[PDB]
Amino acid sequence: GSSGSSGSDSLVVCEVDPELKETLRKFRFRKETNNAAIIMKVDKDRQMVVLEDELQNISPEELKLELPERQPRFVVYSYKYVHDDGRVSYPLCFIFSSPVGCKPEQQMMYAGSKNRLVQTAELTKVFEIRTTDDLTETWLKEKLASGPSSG
């Protein structure tokens, strides 16, 4: 992690909207049993993270399509992993949608509030996708299984 440059230690960290905070607490304990995703954004007007969209019964291939191509935002995908003996749990993870074609003025808004939004949802698993394309059934199940491959 050398490639890159920095200067001052401060960003435009945003708060965790009250209307959203619940969305997370509920998502983690929702009355569902399928794969669902939650895309949240940050309003520059209220410098606070607010829900943007919520899709249910969607695969790791559709979410990537729902995401933009040059706009940073938060995304909480809930996959369903099975065992074998007859046990299946849904390992909720935090998918940070951060493309390489967006502006450094916005990306920061999410890069600085990311920890805040995540910490709010209480997600022990957080991943960063360099691009929607990355968000693939595999690239996803790979992180859950047991860490990705190299890097």
# chains A, B, ... in the order shown; residues from 1 in each chain; ligands from 1
call {"tool": "closest_atom_pairs", "arguments": {"of": "stretch 40-68 of chain A", "to": "stretch 123-138 of chain A", "cutoff": "6 Å", "atoms": "only C-alpha atoms", "output": "tab-separated table"}}
result
residue	atom	partner	partner_atom	distance
A:60	CA	A:137	CA	5.0
A:61	CA	A:136	CA	5.6
A:64	CA	A:132	CA	4.9
call {"tool": "closest_atom_pairs", "arguments": {"of": "stretch 87-148 of chain A", "to": "stretch 13-25 of chain A", "cutoff": "9 Å", "atoms": "only C-alpha atoms", "output": "Markdown table"}}
result
| residue | atom | partner | partner_atom | distance |
| --- | --- | --- | --- | --- |
| A:108 | CA | A:13 | CA | 8.4 |
| A:109 | CA | A:13 | CA | 6.4 |
| A:110 | CA | A:13 | CA | 7.8 |
| A:111 | CA | A:13 | CA | 8.1 |
| A:112 | CA | A:13 | CA | 4.7 |
| A:113 | CA | A:13 | CA | 4.5 |
| A:114 | CA | A:13 | CA | 8.2 |
| A:115 | CA | A:13 | CA | 8.9 |
| A:116 | CA | A:16 | CA | 6.7 |
| A:117 | CA | A:16 | CA | 5.8 |
| A:120 | CA | A:21 | CA | 6.4 |
| A:121 | CA | A:24 | CA | 5.1 |
| A:122 | CA | A:24 | CA | 8.3 |
call {"tool": "select_by_dssp", "arguments": {"residues": "chain A", "states": "strand (DSSP E or B)", "output": "count of residues only"}}
result
39
call {"tool": "atom_distance", "arguments": {"atom1": "atom CA of residue A:70", "atom2": "atom CA of residue A:105"}}
result
12.3 Å
call {"tool": "residues_around", "arguments": {"residues": "stretch 32-45 of chain A", "least_positions_apart": "6", "cutoff": "6 Å", "atoms": "only C-alpha atoms", "output": "list in words"}}
result
residues 51, 52, 53, 54, 55, 56, 57, 58, 73, 74, 75, 76, 77, 78 and 79 of chain A
call {"tool": "select_by_dssp", "arguments": {"residues": "chain A", "states": "alpha helix (DSSP H)", "output": "ChimeraX atom specification"}}
result
/A:18-27,62-66,104-121,137-146
call {"tool": "write_last_selection", "arguments": {"atoms": "N, CA and C atoms", "output": "CSV table (one decimal), in the first residue's frame"}}
result
chain,number,residue,atom,x,y,z
A,18,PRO,N,-30.8,9.2,11.6
A,18,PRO,CA,-31.6,8.5,12.5
A,18,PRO,C,-32.6,7.5,11.8
A,19,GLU,N,-33.1,7.9,10.6
A,19,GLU,CA,-34.0,7.1,9.9
A,19,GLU,C,-33.4,5.9,9.3
A,20,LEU,N,-32.0,6.0,9.1
A,20,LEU,CA,-31.3,4.9,8.5
A,20,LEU,C,-30.8,3.9,9.6
A,21,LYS,N,-30.2,4.5,10.7
A,21,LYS,CA,-29.7,3.7,11.8
A,21,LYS,C,-30.6,2.5,12.1
A,22,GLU,N,-31.9,2.8,12.1
A,22,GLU,CA,-32.9,1.7,12.3
A,22,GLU,C,-32.9,0.7,11.2
A,23,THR,N,-32.9,1.1,10.0
A,23,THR,CA,-32.8,0.3,8.8
A,23,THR,C,-31.8,-0.9,9.0
A,24,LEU,N,-30.7,-0.5,9.5
A,24,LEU,CA,-29.6,-1.5,9.8
A,24,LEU,C,-30.0,-2.4,10.9
A,25,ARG,N,-30.3,-1.9,12.0
A,25,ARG,CA,-30.7,-2.7,13.2
A,25,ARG,C,-31.8,-3.7,12.8
A,26,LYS,N,-32.6,-3.3,11.9
A,26,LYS,CA,-33.7,-4.2,11.4
A,26,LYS,C,-33.2,-5.2,10.4
A,27,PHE,N,-32.4,-4.7,9.4
A,27,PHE,CA,-31.9,-5.6,8.4
A,27,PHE,C,-31.2,-6.8,9.0
A,62,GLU,N,-26.9,-8.9,-9.6
A,62,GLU,CA,-27.8,-7.9,-9.8
A,62,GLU,C,-27.4,-6.6,-9.1
A,63,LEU,N,-27.0,-6.7,-7.9
A,63,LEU,CA,-26.6,-5.6,-7.1
A,63,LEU,C,-25.5,-4.7,-7.9
A,64,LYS,N,-24.6,-5.4,-8.4
A,64,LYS,CA,-23.5,-4.7,-9.2
A,64,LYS,C,-24.1,-3.9,-10.3
A,65,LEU,N,-25.2,-4.4,-10.9
A,65,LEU,CA,-25.9,-3.7,-12.0
A,65,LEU,C,-26.7,-2.5,-11.4
A,66,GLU,N,-27.2,-2.6,-10.2
A,66,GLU,CA,-28.0,-1.5,-9.6
A,66,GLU,C,-27.0,-0.3,-9.2
A,104,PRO,N,-12.7,13.0,-6.4
A,104,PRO,CA,-12.1,12.9,-5.1
A,104,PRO,C,-12.8,13.7,-4.0
A,105,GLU,N,-13.7,14.6,-4.5
A,105,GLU,CA,-14.5,15.5,-3.6
A,105,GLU,C,-15.6,14.7,-2.9
A,106,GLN,N,-16.2,13.8,-3.6
A,106,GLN,CA,-17.2,12.9,-3.1
A,106,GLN,C,-16.7,11.7,-2.4
A,107,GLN,N,-15.9,10.9,-3.2
A,107,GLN,CA,-15.3,9.7,-2.6
A,107,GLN,C,-14.9,9.9,-1.2
A,108,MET,N,-14.4,11.0,-0.9
A,108,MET,CA,-13.9,11.3,0.5
A,108,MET,C,-15.1,11.3,1.5
A,109,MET,N,-16.2,12.0,1.0
A,109,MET,CA,-17.4,12.1,1.8
A,109,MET,C,-17.8,10.7,2.3
A,110,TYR,N,-17.7,9.7,1.5
A,110,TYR,CA,-18.0,8.3,1.8
A,110,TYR,C,-16.9,7.6,2.5
A,111,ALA,N,-15.7,7.9,2.1
A,111,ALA,CA,-14.5,7.3,2.6
A,111,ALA,C,-14.2,7.7,4.1
A,112,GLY,N,-14.7,8.9,4.4
A,112,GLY,CA,-14.6,9.4,5.8
A,112,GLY,C,-15.7,9.0,6.7
A,113,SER,N,-16.9,8.9,6.1
A,113,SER,CA,-18.1,8.5,6.8
A,113,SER,C,-18.4,7.0,6.8
A,114,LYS,N,-17.6,6.3,5.9
A,114,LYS,CA,-17.7,4.9,5.8
A,114,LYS,C,-17.7,4.2,7.2
A,115,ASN,N,-16.6,4.4,7.9
A,115,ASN,CA,-16.5,3.9,9.3
A,115,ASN,C,-17.7,4.2,10.1
A,116,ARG,N,-18.2,5.4,10.0
A,116,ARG,CA,-19.3,5.8,10.8
A,116,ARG,C,-20.5,5.0,10.4
A,117,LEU,N,-20.9,5.0,9.2
A,117,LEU,CA,-22.0,4.3,8.7
A,117,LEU,C,-21.9,2.8,9.0
A,118,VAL,N,-20.8,2.2,8.8
A,118,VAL,CA,-20.5,0.8,9.1
A,118,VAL,C,-20.7,0.5,10.6
A,119,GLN,N,-19.9,1.3,11.4
A,119,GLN,CA,-20.0,1.1,12.8
A,119,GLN,C,-21.4,1.2,13.4
A,120,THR,N,-22.2,1.9,12.7
A,120,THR,CA,-23.6,2.0,13.1
A,120,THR,C,-24.4,0.7,12.8
A,121,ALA,N,-24.2,0.1,11.7
A,121,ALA,CA,-24.8,-1.1,11.3
A,121,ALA,C,-24.2,-2.3,12.1
A,137,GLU,N,-20.7,-13.1,-7.8
A,137,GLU,CA,-21.1,-14.2,-6.9
A,137,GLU,C,-19.9,-14.9,-6.3
A,138,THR,N,-18.8,-15.0,-7.1
A,138,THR,CA,-17.6,-15.6,-6.6
A,138,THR,C,-16.8,-14.6,-5.7
A,139,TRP,N,-16.4,-13.5,-6.2
A,139,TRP,CA,-15.6,-12.5,-5.5
A,139,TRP,C,-16.3,-12.2,-4.1
A,140,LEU,N,-17.6,-12.5,-4.0
A,140,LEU,CA,-18.3,-12.3,-2.8
A,140,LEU,C,-18.1,-13.5,-1.9
A,141,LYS,N,-18.5,-14.7,-2.4
A,141,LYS,CA,-18.4,-15.9,-1.6
A,141,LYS,C,-17.0,-16.2,-1.2
A,142,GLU,N,-16.0,-15.6,-2.0
A,142,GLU,CA,-14.6,-15.8,-1.7
A,142,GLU,C,-14.2,-15.1,-0.4
A,143,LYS,N,-14.7,-13.9,-0.2
A,143,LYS,CA,-14.3,-13.1,1.0
A,143,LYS,C,-14.9,-13.8,2.2
A,144,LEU,N,-16.1,-14.4,2.1
A,144,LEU,CA,-16.8,-15.0,3.2
A,144,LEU,C,-16.1,-16.4,3.5
A,145,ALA,N,-16.0,-17.2,2.5
A,145,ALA,CA,-15.3,-18.5,2.7
A,145,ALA,C,-14.2,-18.4,3.7
A,146,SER,N,-13.1,-17.8,3.3
A,146,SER,CA,-11.9,-17.6,4.1
A,146,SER,C,-10.9,-16.7,3.5
call {"tool": "residues_around", "arguments": {"residues": "residue A:89", "least_positions_apart": "6", "cutoff": "9 Å", "atoms": "only C-alpha atoms", "output": "ChimeraX atom specification"}}
result
/A:79-83
call {"tool": "decode", "arguments": {"residues": "stretch 116-128 of chain A", "atoms": "N, CA and C atoms", "output": "PDB file, in the first residue's frame"}}
result
ATOM      1  N   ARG A 116     -18.159   5.411  10.025  1.00  0.00           N
ATOM      2  CA  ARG A 116     -19.312   5.842  10.807  1.00  0.00           C
ATOM      3  C   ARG A 116     -20.549   5.024  10.447  1.00  0.00           C
ATOM      4  N   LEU A 117     -20.887   5.006   9.162  1.00  0.00           N
ATOM      5  CA  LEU A 117     -22.048   4.263   8.687  1.00  0.00           C
ATOM      6  C   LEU A 117     -21.931   2.784   9.044  1.00  0.00           C
ATOM      7  N   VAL A 118     -20.759   2.211   8.792  1.00  0.00           N
ATOM      8  CA  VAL A 118     -20.515   0.804   9.088  1.00  0.00           C
ATOM      9  C   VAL A 118     -20.650   0.527  10.581  1.00  0.00           C
ATOM     10  N   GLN A 119     -19.914   1.286  11.387  1.00  0.00           N
ATOM     11  CA  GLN A 119     -19.951   1.120  12.835  1.00  0.00           C
ATOM     12  C   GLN A 119     -21.386   1.163  13.351  1.00  0.00           C
ATOM     13  N   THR A 120     -22.235   1.920  12.664  1.00  0.00           N
ATOM     14  CA  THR A 120     -23.634   2.047  13.054  1.00  0.00           C
ATOM     15  C   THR A 120     -24.388   0.743  12.825  1.00  0.00           C
ATOM     16  N   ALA A 121     -24.152   0.121  11.674  1.00  0.00           N
ATOM     17  CA  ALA A 121     -24.808  -1.135  11.335  1.00  0.00           C
ATOM     18  C   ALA A 121     -24.196  -2.299  12.106  1.00  0.00           C
ATOM     19  N   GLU A 122     -23.043  -2.055  12.722  1.00  0.00           N
ATOM     20  CA  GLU A 122     -22.355  -3.085  13.491  1.00  0.00           C
ATOM     21  C   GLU A 122     -21.938  -4.247  12.593  1.00  0.00           C
ATOM     22  N   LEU A 123     -21.243  -3.927  11.507  1.00  0.00           N
ATOM     23  CA  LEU A 123     -20.783  -4.943  10.566  1.00  0.00           C
ATOM     24  C   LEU A 123     -19.312  -5.270  10.794  1.00  0.00           C
ATOM     25  N   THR A 124     -19.047  -6.482  11.271  1.00  0.00           N
ATOM     26  CA  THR A 124     -17.681  -6.920  11.532  1.00  0.00           C
ATOM     27  C   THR A 124     -16.947  -7.234  10.233  1.00  0.00           C
ATOM     28  N   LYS A 125     -17.703  -7.360   9.147  1.00  0.00           N
ATOM     29  CA  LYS A 125     -17.125  -7.658   7.843  1.00  0.00           C
ATOM     30  C   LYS A 125     -17.306  -6.483   6.887  1.00  0.00           C
ATOM     31  N   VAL A 126     -16.192  -5.902   6.452  1.00  0.00           N
ATOM     32  CA  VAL A 126     -16.227  -4.772   5.533  1.00  0.00           C
ATOM     33  C   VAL A 126     -15.270  -4.982   4.365  1.00  0.00           C
ATOM     34  N   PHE A 127     -15.795  -4.869   3.149  1.00  0.00           N
ATOM     35  CA  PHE A 127     -14.986  -5.048   1.948  1.00  0.00           C
ATOM     36  C   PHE A 127     -15.078  -3.822   1.044  1.00  0.00           C
ATOM     37  N   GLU A 128     -14.055  -3.625   0.219  1.00  0.00           N
ATOM     38  CA  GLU A 128     -14.018  -2.490  -0.695  1.00  0.00           C
ATOM     39  C   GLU A 128     -13.862  -2.958  -2.139  1.00  0.00           C
TER      40      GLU A 128
END
